[PDB]
Amino acid sequence: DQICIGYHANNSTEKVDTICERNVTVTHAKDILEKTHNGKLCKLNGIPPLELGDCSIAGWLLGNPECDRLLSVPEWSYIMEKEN
Amino acid sequence: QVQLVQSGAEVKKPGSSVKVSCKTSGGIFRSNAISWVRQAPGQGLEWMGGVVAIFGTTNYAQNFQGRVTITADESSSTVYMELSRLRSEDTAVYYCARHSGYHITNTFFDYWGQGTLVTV
Amino acid sequence: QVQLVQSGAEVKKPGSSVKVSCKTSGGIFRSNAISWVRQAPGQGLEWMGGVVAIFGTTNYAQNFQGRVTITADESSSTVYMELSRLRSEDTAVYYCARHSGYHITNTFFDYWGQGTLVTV
Amino acid sequence: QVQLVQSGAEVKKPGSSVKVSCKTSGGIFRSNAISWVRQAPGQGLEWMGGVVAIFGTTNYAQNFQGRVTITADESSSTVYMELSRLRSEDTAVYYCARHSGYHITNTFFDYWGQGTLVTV
Amino acid sequence: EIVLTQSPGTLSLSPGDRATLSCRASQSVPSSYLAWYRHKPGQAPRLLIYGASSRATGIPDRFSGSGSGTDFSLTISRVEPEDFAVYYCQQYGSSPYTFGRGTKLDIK
Amino acid sequence: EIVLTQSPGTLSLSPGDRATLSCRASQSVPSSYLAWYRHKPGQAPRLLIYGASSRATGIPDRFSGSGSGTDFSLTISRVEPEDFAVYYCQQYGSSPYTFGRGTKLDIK
Amino acid sequence: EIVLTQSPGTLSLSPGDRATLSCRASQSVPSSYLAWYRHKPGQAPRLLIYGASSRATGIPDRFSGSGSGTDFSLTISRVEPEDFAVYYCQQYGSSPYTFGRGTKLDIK
Amino acid sequence: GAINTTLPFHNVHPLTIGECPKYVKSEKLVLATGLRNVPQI
Amino acid sequence: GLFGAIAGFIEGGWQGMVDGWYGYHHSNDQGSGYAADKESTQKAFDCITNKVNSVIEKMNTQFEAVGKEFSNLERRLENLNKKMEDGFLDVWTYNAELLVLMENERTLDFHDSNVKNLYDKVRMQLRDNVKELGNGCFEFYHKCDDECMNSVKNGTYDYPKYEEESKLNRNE
Amino acid sequence: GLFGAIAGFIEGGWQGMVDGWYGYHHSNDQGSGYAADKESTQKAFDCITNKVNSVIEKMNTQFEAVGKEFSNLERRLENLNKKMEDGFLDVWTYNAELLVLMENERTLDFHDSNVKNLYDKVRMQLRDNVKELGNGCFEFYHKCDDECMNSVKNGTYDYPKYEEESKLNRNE
Amino acid sequence: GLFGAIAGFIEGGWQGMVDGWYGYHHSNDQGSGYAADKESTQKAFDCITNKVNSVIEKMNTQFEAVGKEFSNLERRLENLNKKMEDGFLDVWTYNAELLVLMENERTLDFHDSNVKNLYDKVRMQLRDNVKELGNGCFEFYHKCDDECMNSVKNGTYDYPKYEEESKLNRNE
Ligand SMILES: *[C@@H]1O[C@H](CO)[C@@H](O)[C@H](O)[C@H]1NC(C)=O
Ligand SMILES: *[C@@H]1O[C@H](CO)[C@@H](O)[C@H](O)[C@H]1NC(C)=O
Ligand SMILES: *[C@@H]1O[C@H](CO)[C@@H](O)[C@H](O)[C@H]1NC(C)=O
Ligand SMILES: *[C@@H]1O[C@H](CO)[C@@H](O)[C@H](O)[C@H]1NC(C)=O
Ligand SMILES: *[C@@H]1O[C@H](CO)[C@@H](O)[C@H](O)[C@H]1NC(C)=O
Ligand SMILES: *[C@@H]1O[C@H](CO)[C@@H](O)[C@H](O)[C@H]1NC(C)=O
């Protein structure tokens, strides 16, 4: 008659880094870093953003003749502007 | 502050299957076993089955062996229950209950889901 | 850089009590036992008693048992002495000495207080 | 990304000594044993000796005992080789090789030095 | 398979009356693993007592229970307007994890 | 002192021919501690195979070897233009750390 | 209760004279737990030697002592103007923690 | 782009608007919830 | 292997141990099988659940970057804003990376300790009635049936009951 | 219990140990009583004194906030100054909270190690002349009076002296 | 001495250990000498080599200070720049000191663990054929020549081979 003490193992290949060891296989691991984005400019909390487009902030406020579509804008969650 | 959210009410026909989900919040990964208890109107609550927290071991009641398949995905911390071969008197309200520990045995239901009504 | 500050000089009358304090600096909490020794002018130093650092256990010399009461408060790191039933020949200079360790036994006095003169 | 840099080519005369260095990069302190091997043109590679990583213990081949002295400095992580009593047929290319472990025994040469040509 | 028989069934009371609910077991429940739940219709059941002698967190002090072997009981010293629902007792010391019949409390 | 004997010595081949290099030992190498190095003239020798059965990091898959006891071999299934150099077999299971004779590969 | 007897009592010297102070014990002090203190009047006493053979931190090298059993001594090789005070011997190997009588050093 | 996650860290872009997780420059952050994996004898 | 249990004197894990981190294996006349130690596993689950939750709360109040615009004559002001935001992100990146590495070392060592404690708990309970084979297994000097094995698993071994039988077999 | 001593095989503390962290309890014909281990307690006092003094010194050079005033046309400068102070106070708050949590785990584990070391020190000195009960106590196979008990407490046990007597009672 | 091996039951180091951190000393009829444990030493080297490399990489992205000039009407901006650079330097100085202090404690404790594991590995391998003297040395009940000693060092001790002989001398 025998009794033994042992520990759980499985077919996992998840690897984690420790203070003085790298690529240590563990039975279960959790990644807590998000690296994925849909790549689209969505609406925030259901409120569409303010898209200036080719028009600038000064152009919208000054009433630029080429920014006539911005003469009346509704509530916005954030403002979208170009680098130049 | 721990809550369990389930799917919506569903209507089915005999011979079809049901897929009731139960997502648990309050942490990154699920660390408590989740069981499924149903209540048929006019009848008392019955224990169907449960799944262990991390290891995924599943236990089923002898009444529902071969008809219930409980699975969980560690990525989304969600528990699914699949009842196949629907027949008469399978209309009931299904609750997902969270155990006090990581295992089904020797643990009680800390919290319950709001409940889903399924009609056949 | 460890210094022990005591109370000021006091004048008393036979039948009264005396309250001499000794505050220890150099740390948040007291880590060394503090003892009390007195010197009557024309006589040598005599050991009165001491208190362990954290546990507060107190030991007294057989000469002064029943008359001296050493207490400490962990909050303020202060040690007090209460010599009651003052009589003749109780005029002396009282010093508070800090032991080399947390316990009274097998420890020597690292630092001494400037001293307080008490007359009856 | 580990590289070993050696000294330049040297010309000597019989009766003199040669002082070849080998600096190892890739870390603050040397953690692998470094050995010296030479190749005389028309002849195969021969093992000369080596030095343990931290403890500085040195081993030499029986052919070159008493003529080669390998020393290392822990501050600069540099390994030096000193072959004295130069004679004929000592012209060869000397490489410094880094072992796979901290000790000479049971280790293979992971990386090799570019090599130094010494003529007598 | 332990079958749990709840005797009172229906218990009409008024705020202030002592409420005593009895849960009976066919065979002894190991380690006194029994729990009580409050299930107001249309709401998820809430855990009142676990272990037959320990109160759950956030539960008002009026809820308490005791028992051992095949006899367990739930006592509510003072009844409030929110203490009118169906009360179940389960045993979690055996594999089947059976449930009680349930007792609805009515308003007199 | 274990002496390592290499039989081919000169092996003229063309890109595509199978290259098989044999290293023979006068005594059994303990624990199969033998390694293969590639030494292009004018450049530092580089480690191909260690332990007679383990491929070093960064080595192209075409380089492989096997053996035990006193017989060891290096096999190159496909010869590339960069596989023309002198190949040495070294044993590191004995104290002297002897080296092989070396085999130069020529272009046909 | 171990009583400590200090023999010299009064020792008048001049800067440069060797100073030897002897402390005698009626009983053997366990583990050689004896200490020497310097007590200039109006100031807190300062620890010179602890353990009868170890110098306290910050103590000048001229202060040293030795002894064992019931015989202990403190030696000052070179006397400075600040070495004129009362010196006590304390034993801390016994429960009562007795003190020496003390010897004052005078100026010749 | 938009971020749809429950994790507490992200490394998409430092400039974010709304209820967003904390941005770090690390390439990966994996915690070990289980013990070490040792192959069966 | 800071405590020498995992990959130490217990050189291999168990694939049949599917309902817990840690537990026992027994083999006698009646049969053999595994049994997870639920109490030790639950205690391990408590630390890891709290350890991760503490991690989230600490970096809950991490520095947040806000875009700003500066003219061509405000180069010094713009550089201050750029170096402040980059510096704060570098500090918080270091703290997040270091905490994960430090906790991974702590978690792996914590799991190593629990086996050593579990192994020692059984050893100190079967003091003389078993042989310590040195590979994590104990061989009984007496007959230990399923009821006897279950007592060992839940820490209720009756050493005096088998004390006499064990020593007769141990001596010869 | 990382080392398994506190709340491990020694499941309860002692209320009679009033003059030290660690100690002994003996019971023989002459009498019984407690006795603290002053050497091990003193060593523990040294780490805690240095550990706390380490905490004070490191945050002695912590960032300090100074109030400033900005006009209504300096919103970017005012916001930039506000985020600098808030960011620094968040970094140092994280360091202070984390250091206390990390040191508390070390301090509790350090105390656990001291008992296991003190238990092992007695065990390796009483190799065979005592019987290990497994609950932190040793039972002698010979007669161990107060002079014998005191030798165990200060690490001067004479194993050869009782070697012959112990084996006679151990065998039968 | 968190694991009680260094300066614990092994009171002093060995000046004759010149080719490794950890090793053995044997003494029999043929002779005596030291022998280093290359495998355990190599594992220790890997941890320390990786420990330092991880330290360098983390502070590779440490804050950098750039000199700026401000006029006498920009005292608020100058003070803002001064406190930012001083504040970041204090944060990174604290991290560098704290990492060194904690890694030194970890390294010394890691070295203490390896001897306890090395001591236990031999003890669990010479289970009953040797005496445990308690000072880190084992005394054999049988004759253990150089070939027998080398089996102990590389973990290939044949306990059944000497099982019969050892018990004859142990009993009497
Ligand atoms: C791992 O895979 C093997 C087959 O390679 C299988 O026999 C074993 O059951 C698997 N283990 C688990 C835990 O799934
Ligand atoms: C760990 O694994 C990754 C991917 O397999 C690899 O890029 C990295 O170099 C490995 N690290 C070490 C130290 O081997
Ligand atoms: C986020 O992603 C999950 C899985 O891809 C998806 O189920 C969920 O609907 C997404 N959330 C939103 C708001 O689109
Ligand atoms: C432990 O298991 C045995 C079965 O052999 C049982 O008799 C005993 O009551 C159990 N102990 C506890 C505390 O449950
Ligand atoms: C330990 O205590 C005993 C008391 O029996 C005493 O004889 C012995 O000298 C002590 N050892 C030391 C080193 O003080
Ligand atoms: C261990 O050393 C002995 C020498 O007595 C040798 O016979 C044996 O082969 C060695 N084992 C291994 C695995 O090298």
# chains A, B, ... in the order shown; residues from 1 in each chain; ligands from 1

call {"tool": "residues_around", "arguments": {"residues": "residue A:41", "least_positions_apart": "2", "cutoff": "12 Å", "atoms": "only C-alpha atoms", "output": "list in words"}}
result
residues 37, 38, 39, 43, 44, 48, 49, 50, 51, 77, 78, 79 and 80 of chain A; 1, 2, 3, 16 and 17 of chain H

call {"tool": "write_last_selection", "arguments": {"atoms": "N, CA, C and O atoms", "output": "PDB file, in the first residue's frame"}}
result
ATOM      1  N   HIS A  37      -7.426  46.819 -31.751  1.00  0.00           N
ATOM      2  CA  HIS A  37      -8.358  47.909 -31.998  1.00  0.00           C
ATOM      3  C   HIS A  37      -9.058  47.662 -33.325  1.00  0.00           C
ATOM      4  O   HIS A  37      -8.446  47.161 -34.272  1.00  0.00           O
ATOM      5  N   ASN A  38     -10.345  48.014 -33.390  1.00  0.00           N
ATOM      6  CA  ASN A  38     -11.112  47.778 -34.607  1.00  0.00           C
ATOM      7  C   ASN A  38     -10.646  48.643 -35.771  1.00  0.00           C
ATOM      8  O   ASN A  38     -10.961  48.329 -36.922  1.00  0.00           O
ATOM      9  N   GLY A  39      -9.907  49.715 -35.502  1.00  0.00           N
ATOM     10  CA  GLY A  39      -9.385  50.557 -36.558  1.00  0.00           C
ATOM     11  C   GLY A  39     -10.355  51.566 -37.125  1.00  0.00           C
ATOM     12  O   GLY A  39     -10.044  52.189 -38.147  1.00  0.00           O
ATOM     13  N   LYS A  43     -18.601  56.278 -32.619  1.00  0.00           N
ATOM     14  CA  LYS A  43     -19.235  57.280 -31.776  1.00  0.00           C
ATOM     15  C   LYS A  43     -19.016  56.931 -30.313  1.00  0.00           C
ATOM     16  O   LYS A  43     -18.995  55.755 -29.940  1.00  0.00           O
ATOM     17  N   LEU A  44     -18.857  57.956 -29.483  1.00  0.00           N
ATOM     18  CA  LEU A  44     -18.578  57.777 -28.064  1.00  0.00           C
ATOM     19  C   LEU A  44     -19.870  57.925 -27.272  1.00  0.00           C
ATOM     20  O   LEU A  44     -20.493  58.992 -27.290  1.00  0.00           O
ATOM     21  N   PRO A  48     -22.358  61.223 -31.697  1.00  0.00           N
ATOM     22  CA  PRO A  48     -21.397  61.272 -32.792  1.00  0.00           C
ATOM     23  C   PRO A  48     -20.384  62.375 -32.566  1.00  0.00           C
ATOM     24  O   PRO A  48     -20.691  63.406 -31.941  1.00  0.00           O
ATOM     25  N   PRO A  49     -19.158  62.199 -33.052  1.00  0.00           N
ATOM     26  CA  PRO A  49     -18.153  63.260 -32.918  1.00  0.00           C
ATOM     27  C   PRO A  49     -18.370  64.388 -33.911  1.00  0.00           C
ATOM     28  O   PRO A  49     -19.232  64.294 -34.790  1.00  0.00           O
ATOM     29  N   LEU A  50     -17.594  65.460 -33.781  1.00  0.00           N
ATOM     30  CA  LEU A  50     -17.638  66.592 -34.701  1.00  0.00           C
ATOM     31  C   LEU A  50     -16.505  66.425 -35.705  1.00  0.00           C
ATOM     32  O   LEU A  50     -15.330  66.564 -35.351  1.00  0.00           O
ATOM     33  N   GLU A  51     -16.855  66.128 -36.952  1.00  0.00           N
ATOM     34  CA  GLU A  51     -15.876  65.891 -38.005  1.00  0.00           C
ATOM     35  C   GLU A  51     -15.694  67.172 -38.808  1.00  0.00           C
ATOM     36  O   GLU A  51     -16.554  67.534 -39.617  1.00  0.00           O
ATOM     37  N   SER A  77     -19.239  64.485 -29.018  1.00  0.00           N
ATOM     38  CA  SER A  77     -18.459  63.865 -27.954  1.00  0.00           C
ATOM     39  C   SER A  77     -16.987  64.254 -28.021  1.00  0.00           C
ATOM     40  O   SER A  77     -16.350  64.446 -26.980  1.00  0.00           O
ATOM     41  N   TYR A  78     -16.435  64.369 -29.226  1.00  0.00           N
ATOM     42  CA  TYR A  78     -15.076  64.854 -29.411  1.00  0.00           C
ATOM     43  C   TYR A  78     -14.959  65.442 -30.808  1.00  0.00           C
ATOM     44  O   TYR A  78     -15.815  65.222 -31.669  1.00  0.00           O
ATOM     45  N   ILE A  79     -13.890  66.203 -31.025  1.00  0.00           N
ATOM     46  CA  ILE A  79     -13.668  66.912 -32.278  1.00  0.00           C
ATOM     47  C   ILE A  79     -12.579  66.190 -33.058  1.00  0.00           C
ATOM     48  O   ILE A  79     -11.526  65.855 -32.501  1.00  0.00           O
ATOM     49  N   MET A  80     -12.829  65.948 -34.341  1.00  0.00           N
ATOM     50  CA  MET A  80     -11.871  65.298 -35.223  1.00  0.00           C
ATOM     51  C   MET A  80     -11.246  66.339 -36.139  1.00  0.00           C
ATOM     52  O   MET A  80     -11.958  67.051 -36.854  1.00  0.00           O
TER      53      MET A  80
ATOM     54  N   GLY H   1      -7.962  53.662 -33.493  1.00  0.00           N
ATOM     55  CA  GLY H   1      -9.249  53.001 -33.555  1.00  0.00           C
ATOM     56  C   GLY H   1      -9.879  52.931 -32.179  1.00  0.00           C
ATOM     57  O   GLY H   1      -9.393  53.535 -31.222  1.00  0.00           O
ATOM     58  N   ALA H   2     -10.972  52.182 -32.101  1.00  0.00           N
ATOM     59  CA  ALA H   2     -11.705  52.000 -30.858  1.00  0.00           C
ATOM     60  C   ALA H   2     -11.172  50.792 -30.100  1.00  0.00           C
ATOM     61  O   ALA H   2     -10.604  49.868 -30.687  1.00  0.00           O
ATOM     62  N   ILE H   3     -11.363  50.805 -28.783  1.00  0.00           N
ATOM     63  CA  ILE H   3     -10.898  49.740 -27.904  1.00  0.00           C
ATOM     64  C   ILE H   3     -12.107  49.089 -27.247  1.00  0.00           C
ATOM     65  O   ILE H   3     -12.927  49.773 -26.624  1.00  0.00           O
ATOM     66  N   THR H  16      -6.180  58.842 -25.475  1.00  0.00           N
ATOM     67  CA  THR H  16      -7.459  58.152 -25.486  1.00  0.00           C
ATOM     68  C   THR H  16      -8.533  59.088 -24.951  1.00  0.00           C
ATOM     69  O   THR H  16      -8.260  59.995 -24.163  1.00  0.00           O
ATOM     70  N   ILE H  17      -9.767  58.856 -25.394  1.00  0.00           N
ATOM     71  CA  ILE H  17     -10.921  59.637 -24.965  1.00  0.00           C
ATOM     72  C   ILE H  17     -11.988  58.677 -24.460  1.00  0.00           C
ATOM     73  O   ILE H  17     -12.311  57.693 -25.133  1.00  0.00           O
TER      74      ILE H  17
END

call {"tool": "residues_near_ligand", "arguments": {"ligand": "ligand 3", "cutoff": "9 Å", "atoms": "only C-alpha atoms and all ligand atoms", "output": "PyMOL selection string"}}
result
(chain B and resi 76) or (chain H and resi 3-5)

call {"tool": "closest_atom_pairs", "arguments": {"of": "chain B", "to": "chain H", "cutoff": "10 Å", "atoms": "only C-alpha atoms", "output": "CSV"}}
result
residue,atom,partner,partner_atom,distance
B:25,CA,H:6,CA,9.8
B:27,CA,H:6,CA,9.4
B:28,CA,H:7,CA,7.2
B:29,CA,H:33,CA,9.4
B:54,CA,H:34,CA,9.3
B:76,CA,H:6,CA,9.3

call {"tool": "write_last_selection", "arguments": {"atoms": "N, CA and C atoms", "output": "compact mmCIF listing (two decimals), in the first residue's frame"}}
result
# COMPACT_ATOMS: atom_id res chain seq x y z
N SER B 25 -19.00 39.01 -13.74
CA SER B 25 -18.09 40.14 -13.64
C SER B 25 -17.44 40.15 -12.26
N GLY B 27 -13.99 40.39 -11.81
CA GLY B 27 -12.62 39.94 -11.84
C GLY B 27 -12.20 39.62 -13.25
N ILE B 28 -10.88 39.47 -13.42
CA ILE B 28 -10.34 39.17 -14.75
C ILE B 28 -10.71 37.76 -15.17
N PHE B 29 -10.57 36.79 -14.27
CA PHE B 29 -10.83 35.39 -14.58
C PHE B 29 -11.78 34.81 -13.54
N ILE B 54 -11.42 26.73 -12.83
CA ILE B 54 -10.29 26.82 -13.75
C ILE B 54 -10.11 25.54 -14.55
N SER B 76 -13.27 34.59 -21.94
CA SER B 76 -14.36 35.53 -21.72
C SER B 76 -15.03 35.38 -20.36

call {"tool": "residues_around", "arguments": {"residues": "stretch 82-85 of chain E", "least_positions_apart": "6", "cutoff": "8 Å", "atoms": "only C-alpha atoms", "output": "PDB file with N, CA, C and O atoms, in the first residue's frame"}}
result
ATOM      1  N   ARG E  38     -34.087  33.347   0.095  1.00  0.00           N
ATOM      2  CA  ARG E  38     -35.295  34.147  -0.047  1.00  0.00           C
ATOM      3  C   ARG E  38     -35.501  34.466  -1.519  1.00  0.00           C
ATOM      4  O   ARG E  38     -34.644  35.094  -2.147  1.00  0.00           O
ATOM      5  N   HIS E  39     -36.639  34.039  -2.065  1.00  0.00           N
ATOM      6  CA  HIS E  39     -36.921  34.151  -3.496  1.00  0.00           C
ATOM      7  C   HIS E  39     -38.232  34.907  -3.682  1.00  0.00           C
ATOM      8  O   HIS E  39     -39.303  34.301  -3.758  1.00  0.00           O
ATOM      9  N   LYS E  40     -38.144  36.228  -3.749  1.00  0.00           N
ATOM     10  CA  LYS E  40     -39.304  37.029  -4.109  1.00  0.00           C
ATOM     11  C   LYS E  40     -39.590  36.845  -5.595  1.00  0.00           C
ATOM     12  O   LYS E  40     -38.655  36.864  -6.404  1.00  0.00           O
ATOM     13  N   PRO E  41     -40.848  36.650  -5.992  1.00  0.00           N
ATOM     14  CA  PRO E  41     -41.143  36.399  -7.408  1.00  0.00           C
ATOM     15  C   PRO E  41     -40.635  37.526  -8.294  1.00  0.00           C
ATOM     16  O   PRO E  41     -40.733  38.706  -7.952  1.00  0.00           O
ATOM     17  N   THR E 103     -41.841  27.567   1.024  1.00  0.00           N
ATOM     18  CA  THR E 103     -42.977  28.000   1.836  1.00  0.00           C
ATOM     19  C   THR E 103     -43.238  29.476   1.575  1.00  0.00           C
ATOM     20  O   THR E 103     -42.368  30.316   1.829  1.00  0.00           O
ATOM     21  N   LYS E 104     -44.431  29.791   1.082  1.00  0.00           N
ATOM     22  CA  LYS E 104     -44.831  31.175   0.877  1.00  0.00           C
ATOM     23  C   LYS E 104     -45.467  31.736   2.141  1.00  0.00           C
ATOM     24  O   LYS E 104     -46.275  31.070   2.796  1.00  0.00           O
ATOM     25  N   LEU E 105     -45.097  32.967   2.483  1.00  0.00           N
ATOM     26  CA  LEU E 105     -45.652  33.673   3.632  1.00  0.00           C
ATOM     27  C   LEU E 105     -46.678  34.682   3.135  1.00  0.00           C
ATOM     28  O   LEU E 105     -46.362  35.526   2.289  1.00  0.00           O
ATOM     29  N   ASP E 106     -47.894  34.597   3.661  1.00  0.00           N
ATOM     30  CA  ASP E 106     -48.988  35.463   3.254  1.00  0.00           C
ATOM     31  C   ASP E 106     -49.209  36.569   4.281  1.00  0.00           C
ATOM     32  O   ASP E 106     -48.697  36.529   5.402  1.00  0.00           O
ATOM     33  N   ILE E 107     -49.990  37.566   3.879  1.00  0.00           N
ATOM     34  CA  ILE E 107     -50.335  38.697   4.733  1.00  0.00           C
ATOM     35  C   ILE E 107     -51.721  38.444   5.310  1.00  0.00           C
ATOM     36  O   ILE E 107     -52.676  38.199   4.564  1.00  0.00           O
TER      37      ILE E 107
END

call {"tool": "residues_around", "arguments": {"residues": "residue A:31", "least_positions_apart": "2", "cutoff": "7 Å", "atoms": "only C-alpha atoms", "output": "ChimeraX atom specification"}}
result
/A:29,33 /H:29-31

call {"tool": "write_last_selection", "arguments": {"atoms": "N, CA, C and O atoms", "output": "PDB file, in the first residue's frame"}}
result
ATOM      1  N   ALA A  29      -2.334  30.735 -17.443  1.00  0.00           N
ATOM      2  CA  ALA A  29      -1.822  32.096 -17.428  1.00  0.00           C
ATOM      3  C   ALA A  29      -2.889  33.030 -17.975  1.00  0.00           C
ATOM      4  O   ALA A  29      -3.801  32.611 -18.691  1.00  0.00           O
ATOM      5  N   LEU A  33      -2.894  42.635 -21.054  1.00  0.00           N
ATOM      6  CA  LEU A  33      -2.579  43.761 -21.921  1.00  0.00           C
ATOM      7  C   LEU A  33      -3.444  43.682 -23.171  1.00  0.00           C
ATOM      8  O   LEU A  33      -3.509  42.633 -23.819  1.00  0.00           O
TER       9      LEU A  33
ATOM     10  N   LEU H  29       2.168  41.645 -20.966  1.00  0.00           N
ATOM     11  CA  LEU H  29       2.062  41.597 -19.507  1.00  0.00           C
ATOM     12  C   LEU H  29       1.199  40.385 -19.168  1.00  0.00           C
ATOM     13  O   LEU H  29      -0.029  40.486 -19.151  1.00  0.00           O
ATOM     14  N   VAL H  30       1.844  39.255 -18.895  1.00  0.00           N
ATOM     15  CA  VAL H  30       1.157  37.994 -18.650  1.00  0.00           C
ATOM     16  C   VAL H  30       1.422  37.570 -17.215  1.00  0.00           C
ATOM     17  O   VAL H  30       2.581  37.458 -16.800  1.00  0.00           O
ATOM     18  N   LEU H  31       0.352  37.336 -16.463  1.00  0.00           N
ATOM     19  CA  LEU H  31       0.443  36.850 -15.096  1.00  0.00           C
ATOM     20  C   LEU H  31       0.217  35.344 -15.060  1.00  0.00           C
ATOM     21  O   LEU H  31      -0.598  34.801 -15.808  1.00  0.00           O
TER      22      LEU H  31
END

call {"tool": "residues_near_ligand", "arguments": {"ligand": "ligand 4", "cutoff": "8 Å", "atoms": "only C-alpha atoms and all ligand atoms", "output": "compact mmCIF listing (two decimals) with N, CA and C atoms, in the first residue's frame"}}
result
# COMPACT_ATOMS: atom_id res chain seq x y z
N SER E 31 -21.94 17.15 7.85
CA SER E 31 -21.27 18.41 8.21
C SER E 31 -22.24 19.58 8.34
N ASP I 146 -9.23 1.72 2.06
CA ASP I 146 -9.76 3.01 1.61
C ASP I 146 -10.14 3.90 2.78
N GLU I 147 -10.71 3.31 3.84
CA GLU I 147 -11.02 4.10 5.03
C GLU I 147 -9.74 4.62 5.68
N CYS I 148 -8.68 3.81 5.69
CA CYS I 148 -7.40 4.25 6.22
C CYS I 148 -6.77 5.32 5.34
N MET I 149 -6.83 5.14 4.02
CA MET I 149 -6.31 6.15 3.10
C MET I 149 -7.06 7.46 3.24
N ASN I 150 -8.39 7.40 3.36
CA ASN I 150 -9.18 8.62 3.48
C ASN I 150 -8.85 9.37 4.77
N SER I 151 -8.49 8.66 5.83
CA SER I 151 -8.06 9.32 7.06
C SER I 151 -6.76 10.08 6.84
N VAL I 152 -5.84 9.51 6.07
CA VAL I 152 -4.58 10.19 5.77
C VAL I 152 -4.84 11.44 4.95
N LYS I 153 -5.81 11.38 4.04
CA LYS I 153 -6.07 12.51 3.15
C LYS I 153 -6.66 13.69 3.90
N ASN I 154 -7.52 13.44 4.89
CA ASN I 154 -8.16 14.52 5.64
C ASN I 154 -7.54 14.73 7.02
N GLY I 155 -6.34 14.22 7.25
CA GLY I 155 -5.62 14.51 8.48
C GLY I 155 -6.24 13.94 9.74
N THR I 156 -6.66 12.67 9.70
CA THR I 156 -7.22 12.01 10.87
C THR I 156 -6.64 10.60 11.01
